[PDB]
Amino acid sequence: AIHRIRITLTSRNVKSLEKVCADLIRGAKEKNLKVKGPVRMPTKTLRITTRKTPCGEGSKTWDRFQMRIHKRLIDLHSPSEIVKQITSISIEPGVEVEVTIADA
Amino acid sequence: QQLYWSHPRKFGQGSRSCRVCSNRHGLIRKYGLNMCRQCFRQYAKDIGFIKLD
Amino acid sequence: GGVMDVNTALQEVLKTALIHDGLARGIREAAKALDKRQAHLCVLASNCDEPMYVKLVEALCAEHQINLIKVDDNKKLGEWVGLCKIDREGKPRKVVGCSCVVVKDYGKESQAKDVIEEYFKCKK
Amino acid sequence: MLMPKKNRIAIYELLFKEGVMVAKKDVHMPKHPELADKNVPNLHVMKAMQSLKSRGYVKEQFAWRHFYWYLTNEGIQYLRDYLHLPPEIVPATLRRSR
Amino acid sequence: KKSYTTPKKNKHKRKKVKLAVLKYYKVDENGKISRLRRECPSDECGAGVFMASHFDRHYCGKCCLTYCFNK
């Protein structure tokens, strides 16, 4: 029998996640799996602010470091046997992919 | 060999030290880094942090 | 020529028992190895340093079973047992005397080379 | 004493079987992890491997609070003797890669 | 970071006394044995190992944190 089944993707880099996500939509659409489009969650920013000096001398300058994380969701209407097929191609770049057997 | 050869170290600056160089001053506990501030500026690019602003 | 001579019970089984750590060496180890029921074979040198133990170690075998073989050269069984390594054993920084030895485990079995004392317990 | 002979054999047998050793630079933790369970501290591992290095029987490396040790041909010869193993054994690494 | 000013109750370590090996057994007749000092009532230490005699106590040197009798 079929299920409603959910895939989530995560990365730092945006434009590799775009090409990964677009290929998951094509492989589902050509096989009529009635895919629900990519939900963009809010972006997450990590920040660290430090003195530049190793020793505490000089005029008081600071460094401002950050990291950004990007997250997406797609939902499918399909058997548990065929998400295992389409969730295995174009996934070569540094993107996390995770899937759960019921969430809809 | 002695039976009393240590004192409690379950909190404060006695508990924690840098993962790269074993120093105790100016370390970063944020996001689970546990590096010294001088060791962080050295490895920030390899960890994946950048500056833009 | 010849075969199965009594030195087999004093060198070849004894050197094989050391590879398995089976030996108790010298008086207090030997006495403790007789009191706990572990002893299987015993070896005893000539009178050196103290005449009294010559009565004691024989009497401690009479309190159990007389698995006792005699070689009077106090240097020799100390030389035979004298190092655990494969090679270069005979350096003068070791080669100590050893007045008595007792075996707990006799080690790996071969060619009935251990059975001399099991024959002597019926032949003597 | 440095350590009981029961401990010293258990370090050397694990080193000869696996071909390598790893430990952190901390003398205070009560047990070394992995097959050095059944009671030996990592202080005994550091002190044992130091004594094996100054004889030329292992190589040493260090990064970020960890030691790394590798066994070498003179050390294989010495440990096969000390552990009384058959002369034909080489249990750690043998098969040629492709 | 200074020159050192010395203490005056000086020892390096104590000296451990030297004695001959065994006096806990006696031969009384040909084939007759006596044990002069007793084993402690115990699991591992139940044979071949002896309690000391002091002027008012019997003590096990192996079970050294305990196994003391007050006579």
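Per-chain residue numbering starts at 1, and chain names A, B, C, D and E are given in the order in which the chains are listed.
To be clear about the criterion, a contact is a pair of C-beta atoms (placed from the backbone, for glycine too) under 8 Å apart; a residue touches a chain by one contact, two chains touch by 3 or more.
Chain by chain, the UniProt names read as follows: A = Small ribosomal subunit protein uS10; B = Small ribosomal subunit protein uS14; C = Small ribosomal subunit protein eS12.
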{"item": "Pair joined by more contacting C-beta pairs (C-E or C-D)", "value": "C-E"}
{"item": "Chain of greatest Cα-centre distance to chain E", "value": "A"}
{"item": "Whole-Å separation of chain centres (CA-atom averages), chain D against chain E", "value": "37"}
{"item": "Where chain A and chain B are represented by their mean Cα positions, the distance between them in whole Å", "value": "30"}
{"item": "Chain centre separation in whole Å, for chain C relative to chain B (CA means)", "value": "60"}
{"item": "Junction residues of chain E - those touching two or more other chains", "value": "none"}
{"item": "Numbers and ranges of chain D residues touching at least 2 other chains", "value": "none"}
{"item": "Two or more partner chains touched - positions in chain B", "value": "none"}
{"item": "Complete list of chain pairs which touch one another", "value": "A-B, B-D, C-D, C-E"}
{"item": "Complex contacts: residues of chain E adjacent to chain C", "value": "20-22, 25, 27, 31-33, 47-49"}
{"item": "Chain E-facing residues of chain C, complex", "value": "27-28, 31-32, 34-36, 50, 53, 55-56, 59-60, 62-63"}
{"item": "Residue ranges of chain B in contact with chain D within the complex", "value": "6, 19-20, 22"}
{"item": "In the complex with chain B, residue positions of chain A that touch it", "value": "12, 46, 48, 50-52, 54, 63-67"}
{"item": "Chain A partner contacts - residues on chain B that touch it in the complex", "value": "28, 30-31, 37-38, 40-41, 44, 48-53"}
